[PDB]
């Protein structure tokens, strides 16, 4: 069995970025949100969009924000450690599965690697036990097309799924994603896409009327 990727303090966030969070009103985020080292002004969410707390490094930001620089610094530090831990895992079980396109597949537990961009153009399933772990290592971008849905089967849980991407993630309109995203650059969601997972970006997270829920 493959070890969990430990998120440390970042586990407490639904969205954590380094250069902000952009949004087309109205999104529905469940869980805490934060950005650092950038100013809290870079968080373009209103308070009715977030059920949880909005954290800022400073006095700027949405009206309900809490200022807490040391927690955001630890969180961001922990996200970096997680990203490096995930990208650093060795001996994949798969390499270049589907040649970079994985529509229709059922993915069983393990460590998967892609040395290019990964596309998800049609529905997929992630299947395994309540304690199985999946780590997806993607050296380019990650794309998912509109209305694509990731289904979990067999007791598989979103909190045990990790997607590490060296490039940007793009989730298409109406799509539904499962798992923790650790991106080295951005994560960008389109109209009414949803995610059950965490969006951890080393640049920005962009949203357009999305539903974002932290995995239980």
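Positions refer to the first chain, counted from 1.
Q: So 169-177 or 60-68, which one's hotter by mean CA B-factor in the entry?
A: In the deposited entry, the stretch with the higher C-alpha B-factor mean is 60-68.
Q: Say you rank 153, 33, 182, 161 by Cα B-factor from the PDB entry; which sits at the top?
A: By C-alpha B-factor in the record, 153 ranks first.
Q: Using only the C-alpha B-factors in the record, can you name which of 96, 143, 129, 137 has the highest?
A: The C-alpha B-factor peaks, among 96, 143, 129, 137, at 129.
Q: Which third of the chain holds residue 119 when residues are ordered by C-alpha B factor: lowest, middle or highest?
A: Tercile = lowest for this residue's CA B-factor.
Q: Relative to the other modelled residues of the same chain, rank the CA B-factor of residue 29 and answer lowest, middle or highest third.
A: Bottom third by C-alpha B-factor.
Q: In terms of the CA temperature factor given in the entry, to which third of its chain does residue 39 belong: lowest, middle or highest?
A: Middle third of the chain for residue 39's C-alpha B-factor.
Q: Lowest, middle or highest third: where is residue 203 by C-alpha B factor in its chain?
A: CA B-factor rank for residue 203: highest third.
Q: What third of the chain does residue 50 rank in for C-alpha temperature factor, lowest, middle or highest?
A: CA B-factor rank for residue 50: middle third.
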